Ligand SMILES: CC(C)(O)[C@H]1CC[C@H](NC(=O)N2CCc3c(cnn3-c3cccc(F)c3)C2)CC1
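In the block that follows, a single chain appears as structure tokens, in the form deposited without the ligand.
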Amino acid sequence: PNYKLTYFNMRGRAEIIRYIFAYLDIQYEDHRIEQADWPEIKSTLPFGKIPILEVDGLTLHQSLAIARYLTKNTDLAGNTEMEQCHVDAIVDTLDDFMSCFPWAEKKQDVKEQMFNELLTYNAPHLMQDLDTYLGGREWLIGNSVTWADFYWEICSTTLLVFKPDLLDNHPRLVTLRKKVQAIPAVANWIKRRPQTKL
């Protein structure tokens, strides 16, 4: 199929889709827009938000809805309906936390203060929950990589930009990040992707 991904020049909410395409060896057009192109694109969209994915001309929206759709019938989704449930739940837990951050806050001091509170209290709590959920296992769910591990690596990459020592007491979570990054298709993608802060 002919896939076209639209988002800003940023990892952000589209990166999970980008990892999935890379891993599954699926070709797509990685369309990145500048704000000036947005108002016009936005007006054409039923829900006015990005990312969107156009599949043979038909437009899909909601990044995680799209990610799940792409992993359909692949090992990345989870090996059973039960494992798929754990995969979806871990993804949701991570998304719930990332949504706490005031990404669009215009008062720089308020943004800094909120980021700091979230990274001092909430983040370490979640890291301990994640660390114990993973235990000494290889991947978050089951015995092979799933898009939940991808989402962990992606979310943590963003959190580390703001609190570099966040995983300093969580070597098992660091090890999970390294295992995802070392998957050849992922390693390749990380090397060639546009470099952006977020």
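Start at 1 and count along the sequence shown; that's the residue number.
The same protein also exists as the form solved in complex with the ligand; that form is not shown, yet it is the one meant from here on.
Colleague: Thinking of 13, 95 and 103 as one candidate spot, does the ligand come within 4.5 Å of a heavy atom in every one of them in the entry with it bound?
Modeller: Judged in the entry with it bound, 13, 95 and 103 all sit within 4.5 Å of the ligand.
Colleague: Work out which of the listed stretches, 173-181, 20-28, 186-194, 5-13, brings a heavy atom within 4.5 angstroms of the ligand in the entry with it bound.
Modeller: Only one stretch passes the 4.5 Å heavy-atom test: 5-13.
Colleague: Considering 169, 158, 59, 144, which brings a non-hydrogen atom within 4.5 Å of the ligand in the entry with it bound?
Modeller: Only one listed residue qualifies here, and that residue is 158.
Colleague: Please tell me which of 120, 73, 99, 80 lies within 4.5 Å of the ligand in the entry with it bound, judged by heavy atoms.
Modeller: Answer to the contact question: 99.
Colleague: Considering only heavy atoms, tell me if residue 132 and the ligand come within 4.5 Å of each other in the entry with it bound.
Modeller: Residue 132 lies outside the contact set for the ligand.
Colleague: Please run the contact check for residue 35 against the ligand in the entry with it bound: heavy atoms, 4.5 angstroms, yes or no?
Modeller: Yes.
Colleague: Are there residues in 160-198 with a heavy atom within 4.5 Å of the ligand in the entry with it bound, and which are they, in order?
Modeller: The stretch 160-198, when checked against the ligand in the entry with it bound, contributes only 198 at the 4.5 Å heavy-atom cut-off.
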